[PDB]
Structures are given as structure tokens and as C-alpha cells.
Amino acid sequence: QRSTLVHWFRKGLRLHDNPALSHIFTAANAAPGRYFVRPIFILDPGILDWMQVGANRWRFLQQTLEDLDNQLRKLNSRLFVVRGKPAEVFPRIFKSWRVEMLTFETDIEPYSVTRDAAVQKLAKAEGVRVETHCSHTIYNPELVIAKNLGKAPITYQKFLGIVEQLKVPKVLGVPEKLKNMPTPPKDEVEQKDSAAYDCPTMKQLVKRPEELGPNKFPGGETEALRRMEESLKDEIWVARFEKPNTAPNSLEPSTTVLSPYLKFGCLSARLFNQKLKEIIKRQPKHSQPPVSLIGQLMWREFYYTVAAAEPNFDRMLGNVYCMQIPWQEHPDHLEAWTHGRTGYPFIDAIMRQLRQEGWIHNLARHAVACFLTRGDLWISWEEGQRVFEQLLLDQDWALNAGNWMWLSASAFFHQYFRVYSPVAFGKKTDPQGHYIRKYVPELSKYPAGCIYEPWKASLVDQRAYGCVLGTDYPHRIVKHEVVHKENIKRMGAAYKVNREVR
DNA sequence: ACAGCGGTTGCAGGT
DNA sequence: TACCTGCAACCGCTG
Ligand SMILES: Cc1cc2nc3c(=O)[nH]c(=O)nc-3n(C[C@H](O)[C@H](O)[C@H](O)COP(=O)(O)OP(=O)(O)OC[C@H]3O[C@@H](n4cnc5c(N)ncnc54)[C@H](O)[C@@H]3O)c2cc1C
Ligand SMILES: O=c1nc2n(C[C@H](O)[C@H](O)[C@H](O)CO)c3cc(O)ccc3cc-2c(=O)[nH]1
């Protein structure tokens, strides 16, 4: 018959390096038998208005919550998956559980800002102590903004100068095994259903299981650490890691693929940073930022900082960084790009892997992002943002929007002369086109001399490869060698228009 | 002041 | 091999 401490999961679905969670566990064990602990995850049915979520990411979260519960079970506790909106949920669970303190990890995203504010205001009303922690990113965006005179650095090299003169926080371990902690007595919901706050099953979470692809990347903290240690095994590979040197179209990932685990917070970026630093010190010949592996982690930190200031970071209108470009509507060309039926086998192969597996390589994301926007189709990056938002396992509001602005040359990147060739780009790393053959099996019998460009081969040859254009594989919707030059001139025109105002 | 430099990852043609 | 200059040219940051 006592008060309750609460940790609230949103991002940071881990035990390791969770100062918000450890602060609960250390305090509860400081006064044993005086508290109840409720590690909660609010299954908010309001994020659906905020973001598109595909089947693949729902599977990831299902596996994450299942692992988080298993990890919490070993600490004499458990997870509580509460259904309903926080604005409705909190008032009830504050009184019924009798909550004294509530902790959670901070998030810059607009949905959280309005949510975290409304929660903390109500906490002040109900006499609930709230102390938040900043552990999703290595550096606090506000402090970076502050030390750069109340504004965010709009270049990478300037950003590096601001962050290097800041203290790197202590990476924490796993919280203590709860001493003298019985199961909290069943509330109004738990009495009416014992399994009310249990982990949502696949059926409960994934509404359309036919959209699910192969489960190549299982969710959870356990897999995150496991995959990290596997990636850090070859220290030679880690040290000399240079991003442009990595292939976009290799069958098995040329990079670590820790981004989904960093997005959900199954892996601590601080720990990953700390682990990388240690290897660097044991390796003489090592790569330096931005191309380095730590540099890649710094890019995450970079996009998180600029987005912290601008709430309209995901849209063109009202965005302080985004170049105002008259993008054209074309639902026909949009539907084709979204489902990988453009007629460009390299672009289609990437988009099909994105739909099926839920992850694609950085330079593979580059090729498609350029093609849709300033490259060929001249379609707004906001459209491709939603496609990525739905299909990506690592869908990060800040990272998704920022990198889309990079490739559309709306912000940060400005050299619109550098346009990716959907025909040539893939050839360098994959001359045979194995990647195309796997994800576009229609063209698997085509020779390497015209697999990136089927329109080059005669009809009599098309029949001989068991794939005729127009039926078995769509005609190329636009002509790259023509459209990209016209788009270059369009980019220069809009670059003047924005320059005029300033 | 305007002007040189650097900018995660262009392409084609060349050595 | 890994880097050579054309292409006609952007932005922010620097002194
Ligand atoms: C149009 C577009 C949209 C993108 N959307 C997302 C997204 O929503 N979420 C996301 O995590 N990444 C996004 N990326 C960035 C990048 O493609 C991925 O982070 C990377 O390919 C994931 O593979 P990895 O984990 O092996 O990265 P690694 O090469 O292993 O890099 C290490 C870590 O650094 C981070 N990182 C790498 N590249 C970037 C970068 N370009 N910007 C910011 N952080 C980076 C990732 O979290 C990654 O886990 C996007 C890129 C483009 C071009
Ligand atoms: O608080 C929650 N946040 C959820 N978010 C997590 C989200 O990243 C954080 O809540 C952010 O802090 C919101 O801006 C999700 C994100 C996804 O990409 C996919 C599914 C979810 C589900 C939830 C959820 O149920 N509850």
C-alpha cells in the first residue's frame, strides 16, 4: 500500500545507457519496500495521424516490446503496454497507481514536444515530480544551439566545431535487479482483464500481414547489441570505414544496419560512439569525419540539431532551411515510383527492396531520392518522405526530412549539377546487376550490357530473354538524358527566386 | 565587399 | 588503380 515510480518508454527502448530508467531503479532500490515500479509503454493510437507506419515496422516494434519485457523480467520487473492516448491515460494512472515520480527520454519531434508539454503540465497539477533525461542523441540539440549563439549550425564542418567543445555524457550500464519488489496490485483495468497491459501480439499490432516481407532485421535491444558486436569485430573494417566506398547494391549489407535500432533507441548512440572511439585509439590508420563511421553517427546528431529549431522541418512551406521550389504534381509518375515500376531497373530494384525488406543502403536511398525530385520526375520530396515514412524500419522524422532536403538540394546540399544517373550509378559497384536480378526477377535473364537499360535491346532479343517491355516490364516513364538537363535549368531558376528575397 | 575555398557519396571521358 | 580535367555552376563560411 504505497506510491509508484514510473518510467515512460517512447524512444529509448533499452535497458543499457538509460539514465531515465536507471534513475527510477536506483531510487526504488535506495528505499526498498517503499515503492512500486511501472516501466510503461503507451501504445498511442494518435501517432497514426502523425506518421505512416507499414507492416514491417510494426513487426519490429512487436519484437522490440517483447524483448524489452524479457529484459525487464530478468530485473525482477516487467513491461506494461498501456493502450490509449497519453492525454487520456495519464490522469487515470496518476491517481490509480498513486505516482510520485515520472521519467522519460526527451525528443525534439513536434508530436512529442506538444505531448511532453501537456504531460508535464498535468504532472504539476497532480503533484507528480518529473525529471527528463537526454540520451537519444550524444549531444543535446538545445546546448549545441545555445553555444552557437542561439542558432543551429547549417553546415557540417561548423557543427563539428560546436560539438567537440562539449562534454560527452557518461554511458551507463544495466539497472539493478529490483530488491523486494512484488507485483503492483491490479488496477481498475487489470482487475477486469489480467492480461490488459501485456505485449501486443502480431495479430494485435500488424493489421496487414500480407505486406510483411522476410524478417531480416529482428527488433529488440538484444539484437542491436549482438549486431553491433558483430559489426565491431573487424576493427580494421571499422577504423578505415569510408561511406562513399560502401556499395549501395550489394546483396548483403555493406554497412552496419544499426539505424532501425538507433531510431527506436534499442541501441544507445552514446555507447556506439564510446565503442567506436576505443577502436580508433587502437587503430593508427583510421578514417576521419564526415566519411568515417563516427562521422555517420555525427550526421544523425547534425540533422537532430537543425530540426530541433524548425517545427516545419518536414515540409517546404514555413521551413527556414528549405529552398522554395515549384515542384509539379504527377500522380501517375508518383504511383510508379512508389511501387518500383518506373522502367529504370536500378530505381525499381531499390524501391522493391524498400517495400519488401524495409531497409535500403544510403546511396541506394540517394539514387531514388534524386530521381523522384530534382533528378528526373520533379516531384516534391514531401511525397517520397511519406513513402519512406511508411516503408523504412529506421524512419526518423529528422533524418528522413533532412536527407530528403539534401538530395532534392532544398537545404544543406546545393550543387544541383551533380545528378545521379539511374543507368550508370549502379554499374560501378554492381557491373553484373545481381541486385536488379534479385529484386526485379522479370529481367533476370537479361545480359549485363543492357540490364540497366532494357530499352536498348531489340524486341527479338526481349522475347529471347523471356521479358517483353510494356507487358512483363513497364516502359521507362521518363528519358533521363533529356529530363535531368531540363530540371537542372529549373533548379537554377528557382535558386535565383530564393536569392532575390534575401 | 566581393571573392576564394570547401562541400559525406555526379557523369563522361580520359590516363 | 585511383585519381586527371572538362561540364558551367550552386550554397555557407571566411578574412
Ligand atoms: C532520402 C533519405 C532518407 C533517409 N531517411 C533516414 C531515416 O529516416 N532514418 C535513418 O536512420 N536514416 C535515414 N537516411 C540516412 C541513411 O540512408 C541511413 O542512416 C543509413 O543508410 C542506414 O544504414 P546504416 O545503419 O548501416 O548506416 P551506417 O553506415 O552504419 O551509419 C551508422 C549510423 O549513422 C546514422 N547515419 C548514417 N548515415 C546518416 C545520414 N545520412 N544522416 C543521418 N544519420 C546517418 C545511422 O543511424 C546509422 O545507424 C536517409 C537517407 C536518405 C538519402
Ligand atoms: O509513445 C509511443 N510512440 C511510438 N512511436 C515511437 C516514436 O518514435 C516516439 O514516441 C517519438 O518520440 C514521437 O515523436 C512509434 C514510432 C514508430 O515509428 C512506429 C510505432 C510507434 C509507436 C509508438 C507508440 O505506441 N507509443
# chains A, B, ... in the order shown; residues from 1 in each chain; ligands from 1
>>> interface_residues(of="chain A", to="chain B", cutoff="10 Å", atoms="only C-alpha atoms (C1' of nucleotides)", output="PyMOL selection string")
chain A and resi 155-157+242-246+289-292+295-296+299+362-363+366+412-421+424-425
>>> write_last_selection(atoms="N, CA and C atoms", output="PDB file, in the first residue's frame")
ATOM      1  N   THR A 155      25.811  24.054 -41.477  1.00  0.00           N
ATOM      2  CA  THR A 155      26.829  23.263 -42.175  1.00  0.00           C
ATOM      3  C   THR A 155      27.443  22.230 -41.236  1.00  0.00           C
ATOM      4  N   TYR A 156      28.003  21.173 -41.820  1.00  0.00           N
ATOM      5  CA  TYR A 156      28.554  20.054 -41.059  1.00  0.00           C
ATOM      6  C   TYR A 156      29.856  20.408 -40.343  1.00  0.00           C
ATOM      7  N   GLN A 157      30.742  21.116 -41.042  1.00  0.00           N
ATOM      8  CA  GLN A 157      32.057  21.472 -40.504  1.00  0.00           C
ATOM      9  C   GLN A 157      31.963  22.488 -39.368  1.00  0.00           C
ATOM     10  N   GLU A 242      34.879   4.199 -44.806  1.00  0.00           N
ATOM     11  CA  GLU A 242      34.580   5.410 -45.555  1.00  0.00           C
ATOM     12  C   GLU A 242      33.266   5.208 -46.300  1.00  0.00           C
ATOM     13  N   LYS A 243      32.303   6.090 -46.032  1.00  0.00           N
ATOM     14  CA  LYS A 243      30.928   5.938 -46.523  1.00  0.00           C
ATOM     15  C   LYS A 243      30.775   5.834 -48.052  1.00  0.00           C
ATOM     16  N   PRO A 244      31.432   6.728 -48.827  1.00  0.00           N
ATOM     17  CA  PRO A 244      31.299   6.646 -50.289  1.00  0.00           C
ATOM     18  C   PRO A 244      31.826   5.342 -50.893  1.00  0.00           C
ATOM     19  N   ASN A 245      32.763   4.694 -50.202  1.00  0.00           N
ATOM     20  CA  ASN A 245      33.351   3.436 -50.664  1.00  0.00           C
ATOM     21  C   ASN A 245      32.413   2.238 -50.534  1.00  0.00           C
ATOM     22  N   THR A 246      31.364   2.392 -49.728  1.00  0.00           N
ATOM     23  CA  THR A 246      30.392   1.322 -49.499  1.00  0.00           C
ATOM     24  C   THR A 246      29.412   1.206 -50.663  1.00  0.00           C
ATOM     25  N   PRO A 289      35.934  12.037 -39.974  1.00  0.00           N
ATOM     26  CA  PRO A 289      34.656  12.621 -40.412  1.00  0.00           C
ATOM     27  C   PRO A 289      34.803  13.569 -41.609  1.00  0.00           C
ATOM     28  N   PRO A 290      33.761  13.684 -42.463  1.00  0.00           N
ATOM     29  CA  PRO A 290      32.410  13.110 -42.364  1.00  0.00           C
ATOM     30  C   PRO A 290      32.254  11.652 -42.825  1.00  0.00           C
ATOM     31  N   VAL A 291      33.204  11.151 -43.611  1.00  0.00           N
ATOM     32  CA  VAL A 291      33.094   9.815 -44.216  1.00  0.00           C
ATOM     33  C   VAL A 291      33.219   8.649 -43.223  1.00  0.00           C
ATOM     34  N   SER A 292      33.794   8.921 -42.050  1.00  0.00           N
ATOM     35  CA  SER A 292      34.022   7.898 -41.023  1.00  0.00           C
ATOM     36  C   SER A 292      32.721   7.367 -40.427  1.00  0.00           C
ATOM     37  N   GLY A 295      31.615   9.671 -38.012  1.00  0.00           N
ATOM     38  CA  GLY A 295      31.088  10.755 -38.836  1.00  0.00           C
ATOM     39  C   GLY A 295      29.636  10.538 -39.213  1.00  0.00           C
ATOM     40  N   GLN A 296      29.293   9.298 -39.561  1.00  0.00           N
ATOM     41  CA  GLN A 296      27.911   8.921 -39.879  1.00  0.00           C
ATOM     42  C   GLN A 296      27.003   9.120 -38.675  1.00  0.00           C
ATOM     43  N   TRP A 299      26.348  12.758 -38.299  1.00  0.00           N
ATOM     44  CA  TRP A 299      25.317  13.223 -39.229  1.00  0.00           C
ATOM     45  C   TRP A 299      23.931  13.126 -38.603  1.00  0.00           C
ATOM     46  N   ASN A 362      22.259   3.652 -47.928  1.00  0.00           N
ATOM     47  CA  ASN A 362      22.273   5.115 -48.037  1.00  0.00           C
ATOM     48  C   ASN A 362      22.350   5.640 -49.469  1.00  0.00           C
ATOM     49  N   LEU A 363      23.313   5.135 -50.237  1.00  0.00           N
ATOM     50  CA  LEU A 363      23.483   5.539 -51.632  1.00  0.00           C
ATOM     51  C   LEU A 363      22.378   4.990 -52.532  1.00  0.00           C
ATOM     52  N   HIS A 366      19.851   7.478 -52.008  1.00  0.00           N
ATOM     53  CA  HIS A 366      20.291   8.632 -52.794  1.00  0.00           C
ATOM     54  C   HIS A 366      19.769   8.569 -54.225  1.00  0.00           C
ATOM     55  N   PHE A 412      21.121  22.386 -47.105  1.00  0.00           N
ATOM     56  CA  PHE A 412      22.430  21.782 -46.797  1.00  0.00           C
ATOM     57  C   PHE A 412      23.290  21.466 -48.028  1.00  0.00           C
ATOM     58  N   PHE A 413      22.746  20.680 -48.955  1.00  0.00           N
ATOM     59  CA  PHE A 413      23.391  20.405 -50.238  1.00  0.00           C
ATOM     60  C   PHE A 413      22.837  21.357 -51.292  1.00  0.00           C
ATOM     61  N   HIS A 414      23.711  21.858 -52.168  1.00  0.00           N
ATOM     62  CA  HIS A 414      23.318  22.883 -53.143  1.00  0.00           C
ATOM     63  C   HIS A 414      23.836  22.671 -54.571  1.00  0.00           C
ATOM     64  N   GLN A 415      24.802  21.771 -54.739  1.00  0.00           N
ATOM     65  CA  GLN A 415      25.386  21.503 -56.057  1.00  0.00           C
ATOM     66  C   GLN A 415      24.451  20.688 -56.960  1.00  0.00           C
ATOM     67  N   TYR A 416      23.500  21.376 -57.590  1.00  0.00           N
ATOM     68  CA  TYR A 416      22.491  20.722 -58.434  1.00  0.00           C
ATOM     69  C   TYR A 416      23.036  20.215 -59.779  1.00  0.00           C
ATOM     70  N   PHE A 417      24.319  20.461 -60.034  1.00  0.00           N
ATOM     71  CA  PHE A 417      24.996  19.920 -61.211  1.00  0.00           C
ATOM     72  C   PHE A 417      25.302  18.433 -61.059  1.00  0.00           C
ATOM     73  N   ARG A 418      25.538  18.002 -59.822  1.00  0.00           N
ATOM     74  CA  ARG A 418      25.767  16.590 -59.523  1.00  0.00           C
ATOM     75  C   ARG A 418      24.433  15.845 -59.458  1.00  0.00           C
ATOM     76  N   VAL A 419      24.069  15.205 -60.568  1.00  0.00           N
ATOM     77  CA  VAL A 419      22.832  14.427 -60.653  1.00  0.00           C
ATOM     78  C   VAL A 419      23.165  12.956 -60.888  1.00  0.00           C
ATOM     79  N   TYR A 420      22.549  12.082 -60.093  1.00  0.00           N
ATOM     80  CA  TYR A 420      22.760  10.642 -60.199  1.00  0.00           C
ATOM     81  C   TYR A 420      22.113  10.072 -61.455  1.00  0.00           C
ATOM     82  N   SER A 421      22.879   9.261 -62.178  1.00  0.00           N
ATOM     83  CA  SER A 421      22.373   8.535 -63.335  1.00  0.00           C
ATOM     84  C   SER A 421      21.840   7.176 -62.883  1.00  0.00           C
ATOM     85  N   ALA A 424      23.867   4.592 -64.841  1.00  0.00           N
ATOM     86  CA  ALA A 424      25.310   4.471 -64.626  1.00  0.00           C
ATOM     87  C   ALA A 424      25.722   4.206 -63.177  1.00  0.00           C
ATOM     88  N   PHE A 425      25.050   4.858 -62.229  1.00  0.00           N
ATOM     89  CA  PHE A 425      25.440   4.812 -60.815  1.00  0.00           C
ATOM     90  C   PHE A 425      25.621   3.394 -60.271  1.00  0.00           C
TER      91      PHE A 425
END
>>> interface_residues(of="chain C", to="chain A", cutoff="8 Å", atoms="only C-alpha atoms (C1' of nucleotides)", output="list in words")
residues 9, 10, 11 and 12 of chain C
>>> closest_residue(among="A:447, A:184, A:422, A:248", to="ligand 1", atoms="only C-alpha atoms and all ligand atoms")
A:248
>>> closest_atom_pairs(of="chain A", to="ligand 1", cutoff="8 Å", atoms="only C-alpha atoms and all ligand atoms", output="Markdown table")
| residue | atom | partner | partner_atom_place_in_ligand_line | distance |
| --- | --- | --- | --- | --- |
| A:243 | CA | ligand 1 | 29 (O) | 6.4 |
| A:253 | CA | ligand 1 | 26 (O) | 7.3 |
| A:254 | CA | ligand 1 | 26 (O) | 7.4 |
| A:255 | CA | ligand 1 | 26 (O) | 4.1 |
| A:256 | CA | ligand 1 | 26 (O) | 3.9 |
| A:257 | CA | ligand 1 | 26 (O) | 3.3 |
| A:258 | CA | ligand 1 | 25 (O) | 4.1 |
| A:259 | CA | ligand 1 | 49 (O) | 3.2 |
| A:260 | CA | ligand 1 | 11 (O) | 6.4 |
| A:261 | CA | ligand 1 | 49 (O) | 7.5 |
| A:262 | CA | ligand 1 | 47 (O) | 5.8 |
| A:263 | CA | ligand 1 | 11 (O) | 6.0 |
| A:293 | CA | ligand 1 | 32 (C) | 5.8 |
| A:294 | CA | ligand 1 | 32 (C) | 7.3 |
| A:295 | CA | ligand 1 | 34 (O) | 7.6 |
| A:296 | CA | ligand 1 | 34 (O) | 4.2 |
| A:297 | CA | ligand 1 | 34 (O) | 3.9 |
| A:298 | CA | ligand 1 | 44 (N) | 7.1 |
| A:299 | CA | ligand 1 | 43 (C) | 4.3 |
| A:300 | CA | ligand 1 | 44 (N) | 3.5 |
| A:301 | CA | ligand 1 | 43 (C) | 7.2 |
| A:302 | CA | ligand 1 | 43 (C) | 7.3 |
| A:303 | CA | ligand 1 | 43 (C) | 6.3 |
| A:359 | CA | ligand 1 | 22 (C) | 7.7 |
| A:360 | CA | ligand 1 | 21 (O) | 6.5 |
| A:361 | CA | ligand 1 | 21 (O) | 4.5 |
| A:362 | CA | ligand 1 | 17 (O) | 3.4 |
| A:363 | CA | ligand 1 | 53 (C) | 6.8 |
| A:364 | CA | ligand 1 | 53 (C) | 7.7 |
| A:365 | CA | ligand 1 | 53 (C) | 4.6 |
| A:366 | CA | ligand 1 | 53 (C) | 4.5 |
| A:368 | CA | ligand 1 | 1 (C) | 7.8 |
| A:369 | CA | ligand 1 | 1 (C) | 5.2 |
| A:384 | CA | ligand 1 | 1 (C) | 7.8 |
| A:385 | CA | ligand 1 | 1 (C) | 7.3 |
| A:388 | CA | ligand 1 | 3 (C) | 6.9 |
| A:389 | CA | ligand 1 | 8 (O) | 6.9 |
| A:392 | CA | ligand 1 | 8 (O) | 6.8 |
| A:393 | CA | ligand 1 | 9 (N) | 7.9 |
| A:394 | CA | ligand 1 | 9 (N) | 4.5 |
| A:395 | CA | ligand 1 | 8 (O) | 3.7 |
| A:396 | CA | ligand 1 | 8 (O) | 3.8 |
| A:397 | CA | ligand 1 | 8 (O) | 6.1 |
| A:398 | CA | ligand 1 | 8 (O) | 7.2 |
| A:399 | CA | ligand 1 | 7 (C) | 4.8 |
| A:400 | CA | ligand 1 | 5 (N) | 3.4 |
| A:401 | CA | ligand 1 | 3 (C) | 6.8 |
| A:402 | CA | ligand 1 | 3 (C) | 7.5 |
| A:403 | CA | ligand 1 | 2 (C) | 4.6 |
| A:404 | CA | ligand 1 | 1 (C) | 4.1 |
| A:405 | CA | ligand 1 | 1 (C) | 7.8 |
| A:406 | CA | ligand 1 | 53 (C) | 7.4 |
| A:407 | CA | ligand 1 | 53 (C) | 6.4 |
>>> select_by_dssp(residues="segment 150-366 of chain A", states="helix (DSSP H, G or I)", output="PyMOL selection string")
chain A and resi 156-163+188-192+202-205+209-211+221-231+235-239+243-245+259-263+269-281+293-309+331-338+345-356+362-366
>>> residues_near_ligand(ligand="ligand 2", cutoff="7 Å", atoms="only C-alpha atoms (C1' of nucleotides) and all ligand atoms", output="list in words")
residues 9, 10, 11, 41, 42, 43, 44, 45, 47, 53, 57, 58, 61, 107, 109, 110, 111, 112, 264 and 395 of chain A
>>> write_last_selection(atoms="C-alpha atoms", output="mmCIF file, in the first residue's frame")
data_model
loop_
_atom_site.group_PDB
_atom_site.id
_atom_site.type_symbol
_atom_site.label_atom_id
_atom_site.label_comp_id
_atom_site.auth_asym_id
_atom_site.auth_seq_id
_atom_site.Cartn_x
_atom_site.Cartn_y
_atom_site.Cartn_z
ATOM 1 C CA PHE A 9 9.079 4.465 -22.887
ATOM 2 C CA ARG A 10 8.618 6.160 -26.247
ATOM 3 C CA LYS A 11 12.041 6.264 -27.832
ATOM 4 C CA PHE A 41 4.962 1.977 -22.968
ATOM 5 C CA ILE A 42 1.841 3.855 -24.032
ATOM 6 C CA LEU A 43 0.502 2.281 -27.228
ATOM 7 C CA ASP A 44 -0.653 5.667 -28.518
ATOM 8 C CA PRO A 45 -3.374 5.495 -31.205
ATOM 9 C CA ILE A 47 0.795 8.627 -33.868
ATOM 10 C CA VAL A 53 3.557 3.012 -40.424
ATOM 11 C CA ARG A 57 7.993 -1.518 -38.754
ATOM 12 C CA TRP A 58 5.009 -2.797 -36.738
ATOM 13 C CA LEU A 61 8.124 -2.784 -32.600
ATOM 14 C CA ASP A 107 12.542 14.016 -28.015
ATOM 15 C CA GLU A 109 9.911 15.843 -32.705
ATOM 16 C CA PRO A 110 6.783 18.079 -32.956
ATOM 17 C CA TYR A 111 4.435 15.285 -31.836
ATOM 18 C CA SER A 112 6.478 14.736 -28.660
ATOM 19 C CA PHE A 264 13.775 3.108 -31.784
ATOM 20 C CA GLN A 395 12.038 6.041 -40.149
#
>>> closest_residue(among="A:176, A:211, A:187, A:49", to="residue 30 of chain A", atoms="only C-alpha atoms")
A:176
>>> atom_distance(atom1="atom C1' of residue 6 of chain C", atom2="atom CA of residue 489 of chain A")
19.2 Å
